[PDB]
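1. coords below, sequence missing:
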């Protein structure tokens, strides 16, 4: 037989120095790294498409 | 002796549809017309000058 070696799943850091393999799970529980006060979004498109 | 008329003071609109001749008083009581979630301020200068 021929050996296959497994690499440990990398961890991505989130807010408060917390680590988690999953991005969605870690982000939903610990939050993002920096504080964005708000997203002032600009919208361009059809008036029907704005709805 | 010559005539001298007076014009009514102009009013400026604030939040909640409220009007006030002054701006400092108008903001101090009613606030601005639109809401900015936050101001992300970037600073360029010396280390001493950032203090």
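-> That came in fine, so what should we check first? Numbering: from 1, shown residues only, chains lettered A, B, ... in the order given.
2. State which helix of chain A is the longest.
-> Ranked by residue count and defined by DSSP state H, the top helix of chain A is helix A:23-30.
3. which strands and helices sit next to it?
-> strand A:19-20 (3 or more CB pairs under 8 Å, 6 or more residues apart in numbering or on different chains; DSSP states H and E). C-beta: built from backbone N, CA, C; applies to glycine.
4. who touches the most centrally placed residue in chain A in this structure?
-> Compute the mean C-alpha point of chain A, and by CA atoms, centre = their mean the closest residue is residue A:23, 4.8 Å away. Residue A:23 makes contacts with residue A:12, as judged by CB atoms under 8 Å, 6 or more residues apart in numbering or on different chains.
5. ok, it to residue B:3 distance?
-> 77 Å (CB to CB, to the nearest Å).
6. sorry, back to before: in the longest helix of chain A, what's buried?
-> Residues of helix A:23-30 classed as buried under the neighbour-count rule (16 or more other CB atoms under 10 Å in any protein chain shown) are A:26, A:30.
7. what does chain A put close to chain B?
-> The interface of chain A toward chain B, taken as CB under 8 Å from any CB of the partner chain, is made up of A:36, A:37, A:38, A:39, A:40.
8. Now do the spatially closest residue to the third one that is not a sequence neighbour: how many residues are near it, please.
-> The reference is to residue A:38. Sequence neighbours aside, residue B:37 is the residue nearest to residue A:38 in space, at 2.5 Å (criterion: CB to CB, 6 or more residues apart in numbering or on different chains). Residue B:37: 10 surrounding residues under other CB atoms under 10 Å in any protein chain shown.
9. So residue B:37 sits against residue A:35, correct?
-> No. Assessed by CB atoms under 8 Å, residue B:37 is found out of contact with residue A:35, at 10.8 Å.
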